[PDB]
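Form deposited in one PDB entry, single chain, as structure tokens, below.
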């Protein structure tokens, strides 16, 4: 069909863990759009009601809500993974509670739990793990000589996370970074040690910008934070986020799709890094999209991201799916906040 030589047959069922999440909902949307059936998990059926409603109207009988309230529980995926040909693990831990052992352990645990379920389920042929650019690094404004490729690991986050004082403005970020880094490493180690019968790929998005399908419960996401600024809310938590790379929610969905069905994509770490930005380029875009609206004035210069990412597999995927190149930051932000029109 739309995708020639897709490793997963048309109409195949794909299990998407944590389908009510912001990023996950776009992965789900792209899969459904491409004719694949999806069974999305959430800690409760109610957390997926609004999205279920949306998908029932748009893709009649293609999406199914599945409940998994304890992603760490042994055998938690025994029933939901049944009949799945593909798996996109996007479910995340439940906290910003600093204790390294309390944040990192569950992260690794949830990842391996889903990986073992897939290894035990013969129907599963492809597995895509939603990681993050923090598994490679924490952004470093104005620093030259940074090039991230598939062999780049945020090794410094491990120590930084367990040594930095709680007074450090970024300790919370470092703990999160360590959790993502350790989890992805554990995922690749499991592939290397158990040699399961499925292909693994990982998508590493940076700052995802796009339409918030369900604002009711998705306002804490990256786009949720951006929408907050659009509404005039300025907070230290926001300014604490440095200049880095954005990526369209649409492209992130496409990248996951590619990792799930493209034959030429195997054992890759796919960077979701379209271009750089800072809060001032974001405000500039807001002003252009809504010329009559009042917005906060520019933030003090926060520097710029001078790093570069090896997006080879990413671009390969986008081209193969017929959506070459990254969607621009202006169109991405327009997806999120719309524009002054009538």
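Positions refer to the first chain, counted from 1. The term rigid core refers to the maximal set of C-alpha atoms that superpose within 1.5 Å between the two forms.
The mean Cα B-factor in the deposited entry runs higher for 44-52 than for the other of 279-287 and 44-52. Higher mean CA temperature factor between 220-228 and 99-107: 99-107, per the PDB entry. In the PDB entry, the Cα temperature factor peaks, among 151, 116, 89, 73, at 73.
The entry lists C-alpha B-factors for 253, 165, 205, 141, and the highest of these is at 165.
The entry lists a Cα temperature factor for residue 235 that places it in the highest third of the chain's modelled residues. In the deposited entry, the Cα temperature factor of residue 58 places it in the highest third of its chain's modelled residues. Split the chain's modelled residues into thirds by C-alpha temperature factor. Residue 134 is in the lowest one. Ranked against the other modelled residues of its chain, the C-alpha B-factor of residue 248 as given in the entry falls in the lowest third.
Among all modelled residues in this chain, the alpha-carbon of residue 188 has a temperature factor (C-alpha) in the middle third.
One more form of this protein, deposited in another entry, exists but is not displayed; see below.
Residue shifts between this form and the one not shown, rigid core superposed: of 74, 167, 231, 97, the only C-alpha displaced by 2 Å or more belongs to 97. Annotation for the pair residue 75/residue 94: C-alpha atoms recede from each other in that other deposited form, by 3 Å or more compared with this form.
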